[PDB]
Each structure stands twice: as C-alpha cells, then as structure tokens.
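Visitor: output the structure for:
(chains A, B, C, D and E)
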Amino acid sequence: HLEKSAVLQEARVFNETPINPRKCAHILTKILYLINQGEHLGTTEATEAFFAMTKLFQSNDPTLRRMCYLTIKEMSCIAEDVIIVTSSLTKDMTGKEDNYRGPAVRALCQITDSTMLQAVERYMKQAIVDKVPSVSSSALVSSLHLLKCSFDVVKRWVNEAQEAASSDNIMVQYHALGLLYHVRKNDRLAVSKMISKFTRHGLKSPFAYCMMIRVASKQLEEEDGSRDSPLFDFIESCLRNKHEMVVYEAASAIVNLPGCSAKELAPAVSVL
Amino acid sequence: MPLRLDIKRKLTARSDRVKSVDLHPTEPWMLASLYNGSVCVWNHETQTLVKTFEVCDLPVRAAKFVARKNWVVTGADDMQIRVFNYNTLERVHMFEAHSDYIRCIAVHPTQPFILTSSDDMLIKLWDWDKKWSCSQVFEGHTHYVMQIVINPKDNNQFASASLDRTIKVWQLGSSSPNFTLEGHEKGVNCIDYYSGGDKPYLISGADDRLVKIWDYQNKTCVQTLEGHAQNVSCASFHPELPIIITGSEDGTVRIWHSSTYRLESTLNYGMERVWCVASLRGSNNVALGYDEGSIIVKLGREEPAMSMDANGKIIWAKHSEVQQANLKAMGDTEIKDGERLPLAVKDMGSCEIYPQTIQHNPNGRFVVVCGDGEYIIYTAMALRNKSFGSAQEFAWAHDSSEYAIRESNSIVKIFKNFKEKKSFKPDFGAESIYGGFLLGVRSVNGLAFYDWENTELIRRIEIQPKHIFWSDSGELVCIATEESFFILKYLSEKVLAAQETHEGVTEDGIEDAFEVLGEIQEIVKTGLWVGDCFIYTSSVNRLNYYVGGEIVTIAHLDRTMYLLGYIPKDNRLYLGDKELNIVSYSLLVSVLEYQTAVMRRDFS
Amino acid sequence: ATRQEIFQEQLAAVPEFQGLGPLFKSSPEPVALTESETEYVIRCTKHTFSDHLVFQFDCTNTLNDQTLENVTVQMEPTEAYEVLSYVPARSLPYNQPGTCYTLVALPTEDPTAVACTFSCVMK
Amino acid sequence: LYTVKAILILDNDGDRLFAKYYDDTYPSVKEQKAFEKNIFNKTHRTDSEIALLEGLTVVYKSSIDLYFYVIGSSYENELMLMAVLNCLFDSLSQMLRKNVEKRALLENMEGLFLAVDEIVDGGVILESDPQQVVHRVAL
Amino acid sequence: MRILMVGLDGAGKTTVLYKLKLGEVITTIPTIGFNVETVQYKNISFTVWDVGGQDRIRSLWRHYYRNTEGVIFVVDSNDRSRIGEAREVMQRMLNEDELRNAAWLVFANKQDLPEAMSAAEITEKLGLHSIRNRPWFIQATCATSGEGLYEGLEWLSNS
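Guide: Numbers count the residues shown, from 1 in each chain, chains lettered A, B, ... in the order given. Shown next is the protein structure:
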C-alpha cells in the first residue's frame, strides 16, 4: 500500500517548520507501520532523527505528547541518549496528569545506565506511593526490564514494597506480589513467613490467588512439610470459591495415585 | 503497628491557654507565653521554675531565647520589645519595633539576627549587633503577619504564612518574597520546615483538615492529605521518627505515620487545642500549649540494635531510622586511646520491621532481633532470616541453643527449635522473664528461680530488679536493680541432694540453693561482666569495675555511654557512643585475673 | 585394607604426611562439620588405617560472599591419638569441594587411645 | 507473567499486519510469517475453545473478515487467559463500537497502534478494564 | 528564531530564564533535560534553547544546527575561572565558523559586585574587537538586577 524510503526522508518535514499536527501524525503512523511489518534500523538515521525530533517541543497538545512516547519507546534496546530527555522526562513527571509519566519509564527500562539511577529513584518513591495505581503499575513493569538489565538495586527497595504492601486494587494487588515473589523466591524462608503474611490476608485483584497458588504449592511441593494444617486451610478456602479455576488449580495438582484423601477430590470433581 | 513505644508523659502543668512556647536548648529550659499575660520559664526536669517574668499582663504573643547571645528575647503586645539578658534575667533594653500585635520572631543563628513578623502586615528585620536597628523591612503583605519561620536550613531564605491563605518565600534580594503561592483554602496559619536538609517539606496548618506537602525544589504541593476528625489546630513533623503529628481544634492528637500515613494513634489530653508546639531539635521531647494546661512528652530509645562479634564487628543496623541496611565493621587498623578511628563500608540488610532489640547468640552468631513486636532472628552472615514470630518477652537459653518466650498473654511457652518446652511449665504471675543459666521469672515484686528442665522455685529474693547480667559461666551474677545492686553465689550440690530427698521450700524458693555475697549500692549506666568481674558503668559516668573490694574508675567518660566491647585479645575496650565513633582503652584482662586468682590463693 | 583403603590411597597423592598406614575401616558416619547450609558447609569423612587416622574434609565453602583462604584445621583431643598435623585447603571458593585434612597416629595398646573427640576451629 | 509471547493482527486472507512479538525466540519477522502460514491458514476462518501448539497455548479472537491472536504457553489456565483474550477483544470492540474489518484497519490505522501499546507492552498486560480504558483514553 | 542560550548546568542561567520568561526563575542549575521555550517579544516569535551545559552533551552541544540565527551566550561575568583561554576561544571560534549566520550576543551573568578581573581585559581577550564582524554586544549582568537584559532583547528586536 505504501513505502519506506521516501518516508524516511519525509518524516523530517514535520521537523521542518510545518504546522499541521495532523500531517505529521500520519506520517509517524506509517513509519511505525514500516516498522510494524518489519524494518531495518540504525544510528545515522537515528542521529539525524535525534536532532530532528528534538526541536519540536513547544507542543502543548496532549495527544501530541502521546505520539512522542511511542516513538521513543521504539528506541529502547537500540536506544540513543538520555540526557536530553531528562528535562523532558522531568516534564512528564511534574506534568499534571499522571499519564505522561508512565510512558517514559516504559521506554527507559531496557535501555539505561546505572548512574542517573539514584535520582530517578526518588521519582520512583513517589510512584510507589501514588493512589492512582496505574502509574505505579507503569512503574513496576519497567523495573522488570531493569531487572533484565539488573534490578538488584531495585531490591534495596523492599521496604517500599511494604509501605506499598497495603493494597486495595485487585489487579494491583496482583502486581505487587508478582514482584515480590521474585524477590523472595530467592529465599525460601521469608516466604514461609510471607505465607503467614498473607495468612492474615484474603486477596483483592484475585489473580493474586492464583500466582500464590502455584507458589503455595511450590514450597509444599518438595515437601515443604505439612500439607495438613496449612495446606488444607488453603484448600477449604480454595475449594469454596466460585473462582472455580482456583479450586481447579488445587485440584489439578494434587494428582495422587492413591488418593491422598481420594474422597473429597471426587466432590470437587463432581462439581467439575 | 504497635505502641510498644516510648511515650512518656514527661512533665505536666495544668493551666491556661498557653499560646506560645519557645525552647532553651542550651540547657533544656523552656519559655512559654500565656493568654494570661504572664510568661514563665521552667526547668521541667524537677518541675522547677527557672524564672518567670511579667513582661506585660496583656497576653504575650512571642518569645525567643537568644542562646548565642546569652540573652533571652521577649516581646509583648505593648508592641515593645523588652530584652533580658537571661544571665540573671537582668533586663537589657527596650524599644518599639512593630507597632501592632507582634506574632512571631524567627532568628538567623549563624548570623546575628532577629526577624520578626507582626500583624501590622509588616515583617521587620532588626539587627541586634547594630543594637536593634530596623535593618530591613520585608513587605508584600495582604494581612496581618501571623507567622514567620526562617528556613534556618537556609536561614538566609525564609517562608511566611498568612490566613489570607498565602505564602511568600523570600530571598534577601526580595524584601518581598521571591514569590507567593496560593496555598490555603482557609488560611495559612503556620509554616514549618522539614528537619532534614536533604529534602524539603513544609507543612502548614489549617483547620480545614487537609494537609499539603510541598517540595520547594520542584516547587510542588507534593500531596494533599485527608482523613481527619476535627479541624486540625496543628499537625507537625515528627523529627525523630517519620510521623505526623496531628493536632486539633479541640486538642485531638492523631498521629499519622509519615511513612505509613496510616493513623497510628489518637490521644486525648483534651486539654484543648494546639496552641503552640515547640520541639527538641535533638528530636525527641516536644511541648504544646493547650488550654487546660500543657503537657511535655518524652519519646526515645537509647540505642540502635547492634551486637558485636569479638572479631571486631559490631554490627548494628540502621543508624537511627535509616534502613537496617548497614551492618558491618571489621576495621583494619590501630591508634591511641584518646584518639579516634575508621570504619568499613558494605551494608547488608534493608529490613522493614523497626526494632529496639538486638541480642547476639551465645557465640555472637544468631541474633535475635525483635521489632514491630515480632522476632526476626537472623542468620547473620547469611543475612538470612534465621527465624521469626511475635513476642512479648524473651530469654535465650544462654547456652546458645534455645530460647524462651512470653506470649503477649502472659503464660509461658518456650521453644527449642520450635518445639515447646513444657518441662518447665509454671506460668505463674511474672513481671518479666529472665534466662541465662538459671531461670528467673520475676514475679510479684520478687524474683523467683527456676530450673531449666522442670522449673523449681529455687529461691525467691526480697524484691524485683530491672536487669540481670550473669557472669560468664553464669556463676556470679549481677543484678541491676535501680540504685542498689547485688553480687551472688549459686551452690549446686545442695540442690542435688535436696532434690533427691524432696520435701522443700519453694514459696521462698528453697533456702538451700543461693547465697548473698555482698551488694553495691549502685547506679549503672551500662555494665559488664568480665567473667564474673563486674566491670561497669555508672551513669555518673565513671567507668569502674568492681574489683577486689574496690571499685576503680578506669576512667571517667564525657558523660556516660555504651560499652563498645572489649576484645580481650587486644585487651581493649572499645567504647561506644551512639554516634559511631569508637574509642578504645586497653586494659589487659590478665591483670584482673591475676588479682582474682591470687586472692583466691593462686599466687603462683 | 578396606573400601576405606582405597581412600588410604586416594589420600596418598598428597605428600605432607606424617604417617598413614593402610586403611582399616572408615567412618561409620560422615559428619557435617558445618551444619545445614552454613556460611560455609562442611561434610567430613573420617578414615582409619592400621597406623594413622586421617580426617579428610569434603566441602562447599558456601557463601558466594567468601572464598576461604589460608585454611587449616584445628583439632584438639581428649582420649588419645598423637597429634602430628592440621591441614590447610590452600583455597576454597564457593560451592566447591577442596580438601583439607587433619592427621593423627593411632596409639593401640594403651587403655584409652583412639576414640577421641577433637575440637575444631576453622581459620 | 509475560504471557504474550506475541500478539498478531491478522487478515481473513491470512496475513498479519500487526504483530508485536512480545519476545522472539526464533528470529525474524520472516520466521513469524511462515508460521502464520501454517497456523493461521489452517485455522483460518474458524476458531477453538482451546487450541494448542506443542505445549503452547494458542489464543485469539476473530471476526468474519479479521483475526486476532495472542500466544502463551499451554501449561496454564484457560479462563483468565480467555478473560483476557476477550478483554482485549471486547475492549476494542466496544471501543470501536464496530467490527473491525480490513476496513477497520485502513479506516484508522492509528488506533491500532495506539491500542496495541496500551494493554500489553511487548509482553505483559499492563492495561485493561476496557470500558474504563475506553473512556480512559480518547486522546 | 532558534536562539541558543548557553552555559552550564549549575550556572543559574535557568534562574534568569524563567525570571525573564515567566517572570519567575528556577535553581542555579541550568538544565539537565533541556529547555526549548517559546517567547513572543515585541510579539515576534522566538525559541530559546537553554543548556545546563554539562559536559558530555557539551561535547555534543553542537548536536543540532538548522534554523540557527541568534546567541545568548551566557557566560558568568564574575567567573574567574572557566571563562577564558582554550575553552573560551575554542567554543567561540568553533561556533562562529560553524554558524557564521547568526549574531553572537554574549551574556555575562551574576555580576553582583563584580568578581571578575577587568571588563576591559576580557572583552579584548575574546577579541571583542576582532569585530569587523556580525552584530555584537558585550553585555554586563548580575542576574538579580538583570543588569542589561531588556536592551539585549530590545536592541535585538531591531529588524
């Protein structure tokens, strides 16, 4: 339908004095298209782009902002520079809505240098603390890549986790744990306490139940001793739910040739 | 999380609406201004009046101590400034600065200044070295100047609060603020600063019951807080702990954690409204004026949690409220007794639970640490959680292999390796529990002795103490009991027989167990077993060891402190503050021993 | 000249000896000399010969924190053995057997002379 | 937990015009496409409750003229995954208030892209509540 | 007009900038993550690039080109140190050659009590009279006063 080479020259035209928000938006779309189907990439081309993209920033226009994020987001493992961005970044951060902020972290995370990190940590603290989960959620994912990169220092942060540990959004409830597990999973022990930690606890954005299941079993699995008092507690609960899947989840695992307790399983089953 | 914490009703007075309070640090004196019109200065410590002054008899709004200056500053709403040299209370000077109701003074400490805000919609600066010049006048008002606070951090820059709801922060080169921001939706009663230099917050007060946090460097309202029960007369930064003090127009205390931001607690001294507050900069004691009176409370621990391996690493955790993330210290070098030393750097940890106990395993090794009321024990080198649970009270089985617990009921269960030890299971009235070699249950203003395998009331002695330290091998044991102190022998054989015979006294315990050797009437800052030697601190700050019928002071210490640790090999004592400079004084254990043995007739 | 003899020989590649013999029987139980997954983890096996006993020490200097260096093994005895030497595993990195030894010659015709408990300190 | 190995947006005509390979393990753009040929084609114009390819889970919503796909590992929960599968499916649908076609895509190309980023970002599903979303965005 | 305001992070250029621009300032660190800003003055439409110069980028500060036409070069007046020599000359010359197509108006900042060493020596050193060259002004300021600001702009808004 359409072709890259011409476009590659032409994109900079938005960068040419040209005012017509639409035009450029479209052109950007195409680039992304070229890209989406599959595209070579490289530096020179990038660098030239680096000056090109950069001037264009008296835009207020929110949507305009969106577009940017995406593009930048494109550059990550093959990323080029950050300092410019800092100011920019800062701008999202101070930036009123919430929104702006999430995209930026998101590009950042495969790509970056230890160093700055410290600074940006503070920002993290803030994200960590904010009530509109979303951004906070946005924050989290980045970290993972940062874990890719590393994430250990991220570890240091466990504390924040705790302050966070109080949660009330379901999905969100879910997200926290995922991290956590990773964290403690390098560690049996705590977890044992964790269990306890949840033990007082039920779960908000369920999903949480489920990872935990795999988990809850996963210690037990090796013979994290007592199925009996703990496991079972879990099970009645598990059993009970209309989170039929959860019930299942337990059910599926317990595949026991003699029937560990053959009986009950059959009800669950009937139900199945 | 719990109030297993220091709250002390430090000092009380019931009085009037004590509007203002101002602190004398340099000697912990406090100045208070009343709605009576009389102002008084007290030494709280013994509830004693340092001086009182009738400055005016009109309510006296503002007060300062000028410590550097050695004089005390006062103003009443005769619109005059009266000066005393506090070095009597001899009154130096008077003059009329601000001609309207003078609300607040903020002072530059570094630089010789007194800043004032007054209701005249004026802020004037006056220079004391110039002998109360009105050096400069700061204006940019819209109403009475209700409050001035100096950002003392940058003394130099300061912030102003008015109830027309706005805040001007100023630069000297702005006898006007640099800017005004439109804070309140009420009025900005108050402006306050964030203790740390590192980051920057203000809290400002309103009775609207909404709190906004601001970061100056960005220049944002960081966030805005809600939850409240009644018009917050005041809310304050805890400078010691990260907590938020909230205060009300009814004198309600609510605390939100300045980290949890969860209501940690509400307290009622319904002494009505928060008129003033002033805080210890040492961040621990604070006073507020209320109507029915005022109350001052004392809120601190005296230590971090650390325990030292005799290689020479006192591993502590935290610093004061810093993460636990910081333990280590094997050092590497040597220097003179008086002179000071260097540390290593490699944190481990970054716990969450906030402790107040550290205790080593008996081989240093396993520490059990309690905090938030539960016990994390660490595998230390491991940095592993050795284990956890919730406490109430504790004894390691001294041996280094079991432990006991007092459940937040009060009835004993003990665990050795997570096995309850029921061979021993009195559960009598207690007070506290003591482990060691020989079991103490402190009960019924008595201290009662128990076996280690079955309980036995071995003995009961007269009263209760506070603390026990046992000699090392247990043998002669040292119990700290206020002023007074005792040293004892425990004699085994009797028991063995007696036990065999069975028929005994145990109300008293059995009078055929222990003997009372001698007692020193003693006050202990910190204290030590060197073996069975009691090497001790006194809180009178002499470090003495009771030796030979003698108590000798090896040395006397600044003021008294904490016993770093004497790594015997080195024969030295490492002395420890709480501010992480270690001093060492060598002894030589042998000398003591030499003495010990010879008296024993081990002359050779 | 047991299974344990093979061990007498296995031991033999070292030459710092101060007597050996041929192994008679070996350990009825290898002892973990450092308990369960310690900062360093030791399991130890003890070997008897007609002349000497060697304790050869099997192990995974555990923590990746550490590598232990300048390693030798102290043993201090109650019921006889003549104590010839304590062995240093020159270096021990993480998760890894290396060998350290401690050696004794076994007195046989004395009343109380080969069953012993020896006290250990790792340096 | 990084569920989307990849996600593909597909013709009836057995082609893919969007795919974001959440993670690649057999390289190339190319290599993905060959796979399409088998798989899509084969499946084409007809879906499953469940479908598998070799221990991997095969997920996706269709339209008469259009194909939606998500890939994950069949080693795990149908329901949620479905729930998700839908979540997307609906959201967009709802969002669109229309059945995507070939038309839909040309009709506005941008929206896809935009869409694509918000829920899943390379692999995991960040975003959701489609109505919410739908409202949440519009800009 | 892409007008580049140059100087370091830490200068307090930024302080000035928003002092002017917004009326109000910001920290004595010029930017780390840039400024592009637009100002209308005299209703004429201007782009300010403000650089918290910082080295790596400084090296790359050339980094862009197109549509260049005016310089605020902020230099701190009282800067007794980083101002001249190799650095100063180099920067100036390089810039000059590269964009001989734009007037260079140097801004001397925080003059307070001037803590320079001679207004005369420096201007010469910079070869301010190497002039036979593009519209120039040598201009004094201490930020707080803004000791010459409006002319810079004004005189500038000259055609």
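
Visitor: what's the neighbour count on residue 71?
Guide: As the question left the chain open, I've gone with chain A. Close neighbours of residue A:71, defined as other CB atoms under 10 Å in any protein chain shown, add up to 16. Quick note: C-beta positions are derived from backbone N, CA and C, even for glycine.

Visitor: let me rephrase: I mean chain D.
Guide: Neighbours of residue D:71 using other CB under 10 Å come to 21.

Visitor: please apply the same query to residue B:185.
Guide: Other residues close to residue B:185 by other CB under 10 Å number 11.

Visitor: so the residue nearest to it when sequence neighbours are not counted: helix, strand or coil?
Guide: Closest residue to residue B:185 apart from its sequence neighbours, by CB to CB, 6 or more residues apart in numbering or on different chains: residue B:208 at 6.1 Å. Taken by DSSP: H, G, I helix; E, B strand; the rest coil, the conformation at residue B:208 corresponds to coil.

Visitor: residue B:208 touches residue B:183, doesn't it?
Guide: No - contact between residue B:208 and residue B:183 fails when scored by CB atoms under 8 Å: they sit 10.9 Å apart.

Visitor: please identify which of those two sits among more neighbours.
Guide: residue B:183 (21 against 16).

Visitor: which ones are touching the residue most central in space within chain A?
Guide: In chain A, the centroid-proximal residue (CA atoms, centre = their mean) is residue A:141; its distance is 2.2 Å. Residues near residue A:141 by CB atoms under 8 Å, 6 or more residues apart in numbering or on different chains: A:106, A:109, D:121, D:124, D:126.

Visitor: now the third one: how far from residue A:182?
Guide: It stands for residue D:121. 18 Å (CB to CB, to the nearest Å).

Visitor: which one of these two has more residues nearby?
Guide: residue D:121 (21 against 13).

Visitor: contacting residues around that one?
Guide: Residue D:121 neighbours (CB under 8 Å, 6+ apart): A:106, A:141.

Visitor: quick one on the thing from earlier: compare the contacts of residue A:141 and tell me which has the most neighbours.
Guide: residue A:106 (23 neighbours).

Visitor: my read: it touches residue A:138, true?
Guide: Yes - if you go by CB under 8 Å, residue A:106 and residue A:138 touch, sitting 6.4 Å apart.

Visitor: how close does the residue most central in space within chain C sit to residue C:44?
Guide: Residue closest to the mean C-alpha point of chain C, counted by CA atoms, centre = their mean, is residue C:55 at 2.1 Å. Noted for residue C:55: a distance of 6 Å to residue C:44, by CB to CB.

Visitor: repeat for residue B:313
Guide: 28 Å.

Visitor: closest residue of the stretch 151-272 of chain A to chain E?
Guide: Per CB to the nearest CB, residue A:153 is where the stretch 151-272 of chain A lies closest to chain E, at 20.9 Å.

Visitor: and if you look at chain A?
Guide: Counting by CB to the nearest CB, chain A gets nearest chain E through residue A:87, at 2.2 Å.

Visitor: quick one: the longest helix anywhere in chain E near chain A?
Guide: Ranked by residue count, the top helix of chain E under DSSP state H comes out as helix E:85-98. No - using CB under 8 Å from any CB of the partner chain, helix E:85-98 stays clear of chain A, with a minimum separation of 13.9 Å.

Visitor: list the buried ones in the helix or strand following that helix?
Guide: As assigned by DSSP states H and E, the chain's next helix or strand after helix E:85-98 is strand E:103-109. If you call a residue buried by 16 or more other CB atoms under 10 Å in any protein chain shown, then strand E:103-109 has these buried ones: E:104, E:105, E:106, E:107, E:108, E:109.

Visitor: for the next helix or strand after strand E:103-109, buried residues please.
Guide: Later in the chain than strand E:103-109, the nearest helix or strand by DSSP H and E is helix E:119-125. Neighbour-count burial for helix E:119-125, with 16+ other CB under 10 Å as criterion, is recorded at residue E:122.

Visitor: distance of the residue lying farthest from the centre of chain E relative to chain B?
Guide: The outermost residue of chain E, judged against the average C-alpha position, is residue E:43 (21.6 Å), by CA atoms, centre = their mean. Counting by CB to the nearest CB, to the nearest Å, the gap from residue E:43 to chain B is 26 Å.

Visitor: also residue A:15?
Guide: Taking CB to the nearest CB, one finds residue A:15 at 30 Å from chain B.

Visitor: secondary structure class for the nearest residue to that residue once chain neighbours are set aside?
Guide: Excluding the flanking residues, the one nearest residue A:15 by CB to CB, 6+ apart is residue A:52, at 4.2 Å. Three-state call for residue A:52 (three-state DSSP): helix.

Visitor: circling back: can I assume the residue nearest to the centre of chain C sits in a strand?
Guide: Yes - under three-state DSSP, residue C:55 falls within a strand.

Visitor: bridged to it, which residues?
Guide: Residue C:55 forms beta bridges with residue C:46, residue C:102, as assigned by DSSP bridges.

Visitor: please report the distance of it from chain B.
Guide: Distance from residue C:55 to chain B, by CB to the nearest CB: 23 Å.

Visitor: and if you look at residue D:53?
Guide: Residue D:53 is 43 Å from chain B, by CB to the nearest CB.

Visitor: correct me, but that residue touches residue D:39?
Guide: Yes - counting by CB under 8 Å, residue D:39 is a contact partner of residue D:53 at 7.0 Å.

Visitor: so those two - more neighbours on which side?
Guide: The neighbour count for residue D:53 versus residue D:39, taken as other CB under 10 Å, is higher for residue D:39 (17 against 12).

Visitor: and the helix or strand containing the more buried one, what does it pack against?
Guide: Assessed by DSSP H and E, residue D:39 sits inside helix D:29-43. With contacts defined as 3 or more CB pairs under 8 Å, 6 or more residues apart in numbering or on different chains; DSSP states H and E, helix D:29-43 has these neighbours: strand D:6-11, strand D:16-21.

Visitor: can you show me the strands along the stretch 151-272 of chain A?
Guide: For the stretch 151-272 of chain A, strands defined by DSSP state E, counting those that start in this stretch do not occur.

Visitor: flag every residue of it that's near chain D.
Guide: A:171, A:178, A:207, A:210, A:211, A:244, A:245, A:249.

Visitor: mind running it again at 6 Å?
Guide: residue A:245 (CB under 6 Å from any CB of the partner chain).

Visitor: roughly how far does the residue of the stretch 151-272 of chain A closest to chain E sit from residue B:347?
Guide: Applying CB to CB to residue A:153 and residue B:347 gives a distance of 12 Å.
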